[PDB]
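Two separate entries follow, structure 1 and structure 2, each one form of the same protein chain as structure tokens.
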Structure 1
């Protein structure tokens, strides 16, 4: 039998009620004797596609419905098999969200949407427009408080604003979404981000604000507002803030259009426990007690289960959540969604940090929102390995331990194949020599700013000063400005900018 056979392994994002779900798992373990293990790994959304297929990976995966279409398309999720008596217990529209090519590809759980969360003691009346925020912050600054603070590292949070005035993702054309019609480069979109960029220029927000930093700012009462979803209410209650939840601010007289997502559970197609996974989902989780339990840890939002939604239905927070949901649009689920998210995330972090003008970021964002991309076989907790698309820069390991820097000209066969070119003039071409490689012959050189440093002792491939070659090296320490101090093998110590210090594939063996 396969190693995964005989038990269940669940994956869920770290901001949901995985402890409340562990409870649902205990009731199940008890009734069947089978073991259930709940995990909340980092960047699970990117690891699932690389480990699920090797025939391994978790048995159940929880994420917003937007990424499920790509998994189903690639054959990583199995077609679920609920009868009609069960299909009736869920809201017909939540089933619509997890359908791909007329096939049900996952069990829906809840409808979640971002709302404006505010402090009542600090702000008895919240602004209705974004344009009131710049003045609201000047007023609040005199008392040592800020007006707004939310995650600027994840595009999902800024999207509501980028969409209010006309920005969209993919156009819903005939009976479908035209991937040839991206709307992240139109004036509607540019006007929203430009407004966001200005808020930062005028010191109303700092581009370093991430998720953790904002949550604390609001829970300690350092800021009057924040834009988050239902799952965040658990921590606020635990704190002191006397808060409220209402509609998002308008922009240019238009409502903020938050992308609406349906948390959903998928069943891995490689799994030998598809039938134990169904038992768990239909009889234990999607039950009044099963949801009530997960809802208790961290609020789920508007639940797909009709009978239990009758409870939260009257809750004002759910009311606001559904209000904003009705004003926004439901995320698509085509395979191009992950490429799309990588492009916008790249454009938002860049425009906000000055590294790129709004025009430049969004223009490129439109160029890579539909692009086919691949990922490197070598992964690292310190450096991203995707997405590798045309125009990307990488470290290539010639068949002929030196790695040369190359540009990517073509991604083919679903990202399992590339055609890279060395830009330095070669005997066969002054434009550069071209090679064909698979996923193990290269490492992605992240184009954006670095996020994590390498612990001292880490083996890496750094580009040597005045060369286009990456040589083996050992990390001594990281200089504050970010820069890595390194001892190069077979030669003072050498200082190389972090952007040129990649993980070692050899060490990763």
Structure 2
């Protein structure tokens, strides 16, 4: 039998109520005699398909519904079978969010939408518009505070601003999303991102601000505002900050349009515990008592279960959540959402860092929003391993090339075999002295070179592969330190005598497999 049989393993993101979920798990254990294990792995959304593809992984996976169409398409999610009476318990619109190719592929849990969260003491009257934040910031800077801080590393948080004046993902036509009609590069999208970049250029925000930094700053009363979802309210409650939750600011007179997510629970198609998982989800979790346990740990938002949402509706923070939801748009769940999110993340981060102009960033995003891509077999906490698409720069290990653990900087010309194989062009001359040779390779023979300026520094001592200055070749090296600007001080283990120190751009320093 599969190692997975005879137990129930559940994965949910670390920012949500996993302890509350485990309480529901315990109630289930008492009745069934079966162990339930709740885990919250890092990079969950990408980790799931990694393990589920081998027939392993959790029996149940929790995530916003946008990822689930891709999971289902890849054959990773079982069709669920709630009867009509169970379906009646949840809002019809939540079920629509978990339908793929006409079949239900997950149980809806809760509606999530970003809201403006503000410190009432610092800012009793929050701004109605994005346009007034610059002035507000300079006033707060004079008192050692800032106006606004939110995660600039995940495009989820910047999307409401991009969409405000006309930006969109995929156009919905003829009862379906048109993957050839992408709106990430229109006048509206450009206007939104430009405003964001201008905030950074004018020292109103830092391009390096991530989730952790933004949350800490708000919860310590150092910033007047933040942009986050219901899950975050719990930590703010503990902080003692006198906060309110309200409608996001308008941009160019238009309401901000956050992408609305439906937190959903899918069943692993390879799971030998499917009926058990159904019972858990339908009869334990999706009950007033079950959702209450999770909600009390970390607020779920507007829950899909009507009976319980009736209790939560009176909450002004929930009213604010739904007001923003109403102004926003439920995300598509099509498989192209993975490429879309990669494209917009790269564009936002690159425009923020100055790696690209807004027009350059969004032009590339439009090209790659629905593009085929692969991932490198090798993963790291320091560099992403995806997407590898046409035009990506990669480090390639030739099968009969240079012997000293060296890789060549190549360009991806083609993604084939369902993203599992690549054609890459070698700028260096082959054994016949001819440069520009195209090679076919698998996922283990290449590493993704970041298309931007990585924010994550290597700790001293880290073993790396770095391009030698003036060359297009990667050599083994150790990280000695990191300059203030992020440049890596390296010691190439290459020469035969002295420990020199060579500076190399962080983008060209890769984690050794």
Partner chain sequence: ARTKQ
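Only the largest set of C-alpha atoms that superpose within 1.5 Å between the two forms is called the rigid core. Numbering follows the first chain given and starts at 1.
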Quick check on the two chains I just loaded: which one is the form deposited without its partner chain, 1 or 2?
2
State which of the options 382, 231, 156, 168 undergoes a Cα shift of 2 Å or more between the two structures, taking the core as fixed.
382
Checking residue 486 here: with the core superposed, does its CA move 2 Å or more between the two structures?
yes
Does residue 36 show a Cα shift reaching 2 Å between the two structures after rigid-core superposition?
no
Once the core is aligned, does residue 22 move its Cα by at least 2 Å between the two structures?
no
Check the Cα of residue 393 between the two structures on a core superposition and give its shift in Å.
2.2
Could you state, for a rigid core superposition, the Cα shift of residue 58 between the two structures in Å?
0.9
With both forms put on the same core, how far apart in Å are the CA positions of residue 429 between the two structures?
9.5
